[PDB]
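First, one chain by itself: the form deposited without the ligand, in structure tokens.
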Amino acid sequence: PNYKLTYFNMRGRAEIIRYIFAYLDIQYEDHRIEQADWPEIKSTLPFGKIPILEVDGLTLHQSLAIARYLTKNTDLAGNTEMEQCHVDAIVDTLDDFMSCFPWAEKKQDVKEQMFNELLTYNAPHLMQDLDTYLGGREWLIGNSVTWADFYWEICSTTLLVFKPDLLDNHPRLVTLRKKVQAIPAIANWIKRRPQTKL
């Protein structure tokens, strides 16, 4: 069908969907809105958030709902129902952490202490948990790449913006990042995508 993704000009919460479409070699309109048009566009949305994915003018919302929809019956899904549960669980564990950040914070000091707090104390613990979880396997779940690996590469890319040294002690999480980045369709997208901070 006809796919149109609407988001800001950032990776943010649309990037997992952009990776999936890249990987499945599915063409879509990557619509990136002007911030000035935001109040308008927002009053057409089911819940006032983006991203939304229009599928033949049937609207889907909630980036991970959409991601799960798109990967259903693909090799990105997890190879069994329980492995699908582990893929969902890892994704939510990463999302829970990312959602802790006051991304829409006003007081640029209060923001920067919340950030410093989360990055100084919370992120290292998560990195260590993820490194133990991964251990010596190739991918986070099962014997092949799933969208949870994509989500790790996406989340950690943003986290490295604010904390460059995040993985100095975790070469195996770096390896996994570079393996996702090396999958040809993902590599092409990374090279083609707009360069944005977030």
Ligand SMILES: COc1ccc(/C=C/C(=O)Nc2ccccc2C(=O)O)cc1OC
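Heads up: residue numbers just count along the shown sequence, starting at 1.
Notebook entry, point to check: Mean C-alpha B factor from the entry: is it higher for 84-92 or for 98-106?
Noted result: It is 98-106 that shows the higher mean C-alpha B-factor.
Check: Out of 108-116 and 74-82, which one has CA B-factors that are higher on average in the deposited record?
Finding: The deposited B-factors put 108-116 ahead on the C-alpha mean.
Item checked: Chain third (lowest, middle, highest) by recorded CA B-factor, residue given as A67 -> For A67, the deposited C-alpha B-factor lands in the middle third.
Item checked: For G135, the third of its chain into which the C-alpha B factor falls -> Highest third.
Check: How does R18 rank on Cα B-factor within its chain, lowest, middle or highest third?
Finding: Within its chain, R18 is a lowest-third residue by C-alpha B-factor, going by the deposited values.
Check: Comparing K163 with the other modelled residues of its chain, is its CA B-factor in the lowest, middle or highest third?
Finding: Lowest third - that is where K163 ends up once the chain's C-alpha B-factors are sorted.
Next item on the list: Ordered by C-alpha B-factor within the chain, which third holds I141? Give me lowest, middle or highest, please.
Entry: Tercile = highest for this residue's CA B-factor.
The same protein also exists as the form solved in complex with the ligand; that form is not shown, yet it is the one meant from here on.
Check: Given that the ligand is left out here, which of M98, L126, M114, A77 has a heavy atom within 4.5 Å of it in the bound PDB entry?
Finding: Result of the distance check: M98.
Check: Applying a 4.5 Å heavy atom distance criterion, does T59 contact the ligand in the bound PDB entry?
Finding: Taking the distances in the bound PDB entry, the answer for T59 is no, it never comes within 4.5 Å of the ligand.
Item checked: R18 within 4.5 Å of the ligand in the bound PDB entry, heavy atoms -> Judged by the heavy-atom cut-off of 4.5 Å, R18 is well away from the ligand in the bound PDB entry.
Notebook entry, point to check: Do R177 and the ligand share at least one heavy atom pair within 4.5 Å in the bound PDB entry?
Noted result: It does not: once the ligand is placed as it appears in the bound PDB entry, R177 has no heavy atom within 4.5 Å of it.
Check: Counting only non-hydrogen atoms and a 4.5 angstroms cut-off, does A187 reach the ligand in the bound PDB entry?
Finding: Flag for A187 set to no.
Next item on the list: Would you confirm whether the three residues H86, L134 and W139 all fall within 4.5 Å of the ligand in the bound PDB entry, going by non-hydrogen atoms?
Entry: Not a single listed residue reaches the ligand in the bound PDB entry, so no.
Margin query: Please identify, from 22-30, 166-174, 150-158, 126-134, the stretch that has a heavy atom within 4.5 Å of the ligand in the bound PDB entry.
Written below: Residues of 150-158 come within 4.5 Å of the partner.
Note to self: With the partner left out here, which residues of 99-131 have a non-hydrogen atom within 4.5 Å of the ligand in the bound PDB entry?
What the structure shows: Contacting residues: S99, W103, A104.
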